[PDB]
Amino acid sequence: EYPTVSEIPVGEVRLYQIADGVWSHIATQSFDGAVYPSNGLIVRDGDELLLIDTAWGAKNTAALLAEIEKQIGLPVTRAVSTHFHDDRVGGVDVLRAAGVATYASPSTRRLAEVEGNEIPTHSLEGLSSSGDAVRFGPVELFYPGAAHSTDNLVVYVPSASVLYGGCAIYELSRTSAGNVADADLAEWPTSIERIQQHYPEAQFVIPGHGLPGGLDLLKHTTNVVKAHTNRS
């Protein structure tokens, strides 16, 4: 029942209840002639909502807010972007305009700035060192070290045991490395091991793109990253 590019018109967003008061949001975007799905998270925070990641661009993100308004009807009060790339911060201006408080680590903010991307307003402290964790309302934010990017964060919902890996974690269908331009291939498996050692109880693992699964997505990503490292 998980939404594929099948039931998603490019420009539209679907929501998917993973567990009580946790959803993924799914959007699609064209790039280089192909169409890719993309996941974010929504976590209920008392009577408001915390959003993890934009829906990859201004139009998608305005559709995400409209689809939250239609289907959950609680205000989105804060948003966290898990790394600096456009698929996670693209739409930040739309969120801001709607009066959402936008957050990212200083590391993510610096990199977005250098990249010329949208820059979340508020800074998340105490995530600068590999293995650092901080509470952020109904989630824990965790910096595992460099992987898909040097600043990538993962999000864990302790109440539902949902680990949102962002783009640091690949779905099982992805059998080769994606865009790795900004990646730390050397540190990526070590970073995944930090995620493994910190959240062994995770029941649900949501990749940045594609189908949810269990903690074996971590091992899978390690396998794929290692094969790419060994290319010749």
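Throughout, we count residues from 1 along the sequence that is shown.
J.: Give the stretch, out of 40-48 and 172-180, with the larger mean C-alpha temperature factor in the deposited entry.
T.: In the deposited entry, the stretch with the higher C-alpha B-factor mean is 172-180.
J.: Using only C-alpha atoms and the B-factors in the entry, which stretch averages higher, 69-77 or 135-143?
T.: Stretch with the higher mean C-alpha B-factor: 69-77.
J.: In terms of CA temperature factor as recorded, identify the highest of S105, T121, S161, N152.
T.: Answer for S105, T121, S161, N152: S161, with the highest C-alpha B-factor.
J.: Place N117 in the lowest, middle or highest third of its chain's C-alpha B-factors, as listed in the PDB entry.
T.: Within its chain, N117 is a middle-third residue by C-alpha B-factor, going by the deposited values.
J.: Can you tell me which third, lowest, middle or highest, the CA B-factor of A34 falls into for its chain?
T.: Answer is highest: the recorded C-alpha B-factor places it there.
J.: Select lowest, middle or highest to describe the third in which the CA B-factor of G213 falls within its chain in this entry.
T.: As the PDB entry reports it, the C-alpha B-factor of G213 lands in the middle third of its chain.
J.: Sorting the chain's CA B-factors, does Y199 end up in the lowest, middle or highest third?
T.: For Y199, the deposited C-alpha B-factor lands in the middle third.
J.: Taking the C-alpha B-factors as the PDB entry records them, is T221 in the lowest, middle or highest third of its chain?
T.: Its C-alpha B-factor belongs to the lowest third of this chain's values.
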